[PDB]
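As given, the protein sequences belong to chains B and A, one line each in that order.
Residues 716 to 764 (the deposited numbering) make up the first sequence, in order.
Residues 667 to 715 (the deposited numbering) make up the second sequence, in order.
Structure first, commentary second.
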Amino acid sequence: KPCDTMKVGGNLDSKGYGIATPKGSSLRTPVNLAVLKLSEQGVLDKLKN
Amino acid sequence: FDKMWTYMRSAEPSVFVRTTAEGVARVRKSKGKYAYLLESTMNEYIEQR
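Structural data, given as structure tokens:
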């Protein structure tokens with residue numbers, strides 16, 4: 716609300732949001748695998764909805 | 667054609683159809699607000715129907 720705005724036209728580009736870690740972080744591999752697990756189990760679609 | 671693809675791939679709702687018949691019906695029911703890209707053979711056949 717107040718529902719007074721509107722998205723017009725197609726997207727100007729295509730890209731993605733990613734979980735970011737400092738270059739060389741110990742968490743990089745587990746968090747990359749977790750995002751793929753959450754993707755494959757449908758969690759990311761449920762959370763957007 | 668690249669400009670047309672850029673538009674079609676991002677158009678909402680989708681401008682793509684599951685079957686030729688679906689595209690033909692969308693043209694027939696859209697009062698000229700929907701044009702369908704299809705093979706000349708199918709186009710020529712439907713033109714005689």
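Even for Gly, the Cβ is constructed at its ideal location relative to N, Cα and C.
For residue i, three-class secondary structure by DSSP
i, result
"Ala701(A)", "coil"
"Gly731(B)", "coil"
"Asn709(A)", "helix"
"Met674(A)", "helix"
"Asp719(B)", "coil"
"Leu762(B)", "helix"
"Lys738(B)", "coil"
"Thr744(B)", "helix"
"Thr685(A)", "coil"
Contacts of residue i in chain B (Cβ-Cβ under 8 Å)
i, result
"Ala677(A)", "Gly725"
Chain-ordered neighbours of residue i on chain B, where CB pairs are closer than 7 Å
i, result
"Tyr700(A)", "Chain B residues near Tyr700(A): none, gap ~16 Å exceeds 7 Å."
Outcome for residue i when other beta-carbon atoms lying within 10 angstroms are tallied against a minimum of 16
i, result
"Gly689(A)", "buried"
Close Cβ partners of residue i (< 8 Å) along its chain, the five nearest in sequence each way excluded
i, result
"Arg692(A)", "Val683, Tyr700 and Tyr702"
Option nearest residue i by Cα separation, candidates the options
i, options, result
"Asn709(A)", "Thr686(A), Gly698(A) and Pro679(A)", "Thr686(A)"
"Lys730(B)", "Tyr711(A), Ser676(A) and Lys669(A)", "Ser676(A)"
"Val746(B)", "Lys738(B), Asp719(B) and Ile734(B)", "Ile734(B)"
"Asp728(B)", "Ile712(A), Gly698(A) and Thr672(A)", "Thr672(A)"
Interface residues of chain B facing residue i [CB-CB closer than 9 Å]
i, result
"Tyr711(A)", "Under the 9 Å cutoff, chain B gives no residues; its nearest Cβ is about 31 Å from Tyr711(A)."
Own chain partners of residue i with C-beta closer than 6 Å, once the 5 adjacent residues on each side are dropped
i, result
"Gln756(B)", "none"
Chain C within 8 Å of residue i, Cβ atoms only
i, result
"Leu742(B)", "Among the chains of the structure shown, chain C does not appear; the protein chains present are B and A."
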